[PDB]
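Data first, discussion second: the structure below is written as structure tokens.
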Amino acid sequence: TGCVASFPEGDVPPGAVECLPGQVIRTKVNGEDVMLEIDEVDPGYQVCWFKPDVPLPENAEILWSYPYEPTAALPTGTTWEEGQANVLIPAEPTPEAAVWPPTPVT
Amino acid sequence: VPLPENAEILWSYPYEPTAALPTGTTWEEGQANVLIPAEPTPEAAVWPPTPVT
């Protein structure tokens, strides 16, 4: 529920749950149950989970948000659109197949 | 809380979690019949004037 937002460093809004580097977050992203581990938040900035009860501060950027579904038993989670989050799949370049040298025969 | 079937919402509130001073409701014309008391002011009590010929 709520939203996760990036805002400049300093005083934390009362009610917001800080999400520091090393923080693990169980969520649902595009129907996929996932764990998000925070790694290398940028300097001069910090990230916090803002429940709907908590007002956001100024100069905040909502990285991702959740819908209002209080009656729902199985929540839907989020929907990271193209451009909202840059997910990188590892390239995994299959190197050249190791070939044994054939000896020549005249 | 999910509502049951065959339920009629008499009045509802908006979603305002960040709000400190809530707005409450807005009973539209036809949503609620409020009756003001009529308070019919009866006839002013007049004292009988006696006649004088």
Side-chain angles (χ1 to χ4, degrees), chain A residues 1-87, chain B:
Chain A
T1 77
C3 68
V4 187
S6 181
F7 59 96
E9 208 187 14
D11 290 322
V12 171
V17 183
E18 299 202 50
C19 273
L20 289 159
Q23 188 70 67
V24 189
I25 314 178
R26 212 201 179 288
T27 69
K28 192 159 159 188
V29 183
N30 288 285
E32 193 192 6
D33 304 337
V34 295
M35 293 270 189
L36 310 167
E37 196 179 351
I38 309 307
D39 288 320
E40 192 168 9
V41 174
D42 270 306
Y45 274 92
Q46 58 196 45
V47 173
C48 297
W49 175 30
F50 290 91
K51 304 193 185 154
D53 310 318
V54 187
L56 270 74
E58 207 187 331
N59 216 335
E61 297 178 321
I62 286 151
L63 308 173
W64 72 89
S65 71
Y66 293 77
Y68 190 52
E69 278 174 344
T71 43
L74 291 155
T76 61
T78 73
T79 46
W80 290 354
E81 296 290 319
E82 307 186 0
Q84 182 167 7
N86 193 36
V87 175
Chain B
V1 187
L3 270 74
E5 207 187 331
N6 216 335
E8 297 178 321
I9 286 151
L10 308 173
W11 72 89
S12 71
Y13 293 77
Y15 190 52
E16 278 174 344
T18 43
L21 291 155
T23 61
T25 74
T26 46
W27 290 354
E28 296 290 319
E29 307 186 0
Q31 182 167 7
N33 193 36
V34 175
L35 315 181
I36 305 300
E39 302 189 339
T41 61
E43 271 286 320
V46 166
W47 194 271
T50 72
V52 172
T53 48

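Heavy atoms only: backbone and side chains are in, while hydrogens, waters and symmetry mates are out. First the proteins, then the strands, lettered A, B, ... as listed; each starts at 1.
- B/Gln31 places a side-chain N or O within donor-acceptor distance of the main-chain N or O of B/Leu10, the cut-off being under 3.5 Å.
- With sequence neighbours left out, B/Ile9 forms a side-chain contact (heavy atoms from CB on, under 4.5 Å) with B/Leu3, B/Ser12.
- Counting only heavy atoms from C-beta outward, the side chains of A/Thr1 and A/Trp49 approach each other to under 4.5 Å.
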Practice task
Dump the intermediate steps for side-chain contact (heavy atoms from CB on, under 4.5 Å) on A/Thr27 and A/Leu36, then the final yes or no.
Solution key: CA-CA 7 Å; A/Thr27 69; A/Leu36 310 167; 3.8 Å; yes

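- Of all non-hydrogen atoms in A/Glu18 and A/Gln23, the two that sit nearest each other are O-OE1, 3.8 Å.
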Practice task
List the steps, then state whether side-chain contact (heavy atoms from CB on, under 4.5 Å) holds for A/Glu32 with A/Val34.
Solution key: CA-CA 6 Å; A/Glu32 193 192 6; A/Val34 295; 3.7 Å; yes

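- Sorted by first and then second residue, the ring-ring contact (aromatic ring centres under 6.0 Å, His included) pairs with a member in residues 24-53 of chain B read B/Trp11-B/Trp27; sequence neighbours excluded.
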Practice task
Begin with the C-alpha distance, continue with both residues' side-chain angles, and end with the deciding distance and a verdict on side-chain contact (heavy atoms from CB on, under 4.5 Å) for A/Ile25 and A/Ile38.
Solution key: CA-CA 8 Å; A/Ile25 314 178; A/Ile38 309 307; 3.9 Å; yes

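- In this structure, A/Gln46 CD and A/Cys19 SG are separated by 11.0 Å, a value rounded to the nearest 0.5 Å.
- In this structure, A/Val41 and A/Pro21 have side chains that are in contact, with non-hydrogen atoms separated by less than 4.5 Å.
- Smallest separation of non-hydrogen atoms from A/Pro13 and A/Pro57: CG-CG, 3.9 Å.
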Exercise for the section: Could you check A/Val54 against A/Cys48 for side-chain contact (heavy atoms from CB on, under 4.5 Å), going step by step and ending with a plain yes or no? Expected result: CA-CA 11 Å; A/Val54 187; A/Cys48 297; over 6 Å; no

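- Under a 3.5 Å cut-off, the side chain of A/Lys28 and the backbone N or O of A/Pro75 do form a donor-acceptor pair.
- Atoms CD and CG, on A/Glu61 and A/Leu56 in that order, are 11.5 Å from each other to the nearest 0.5 Å.
- Contacts classified as ring-ring contact (aromatic ring centres under 6.0 Å, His included) and involving residues 3-33 of chain A (residues at least two apart or in different chains) are given here: A/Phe7-A/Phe50.
- A donor-acceptor contact closer than 3.5 angstrom links the side chains of B/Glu16 and B/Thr23.
- Summarising the geometry of A/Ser6 relative to A/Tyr45, their closest heavy-atom pair is OG-CD2, 3.4 Å, with the distance given to 0.1 Å.
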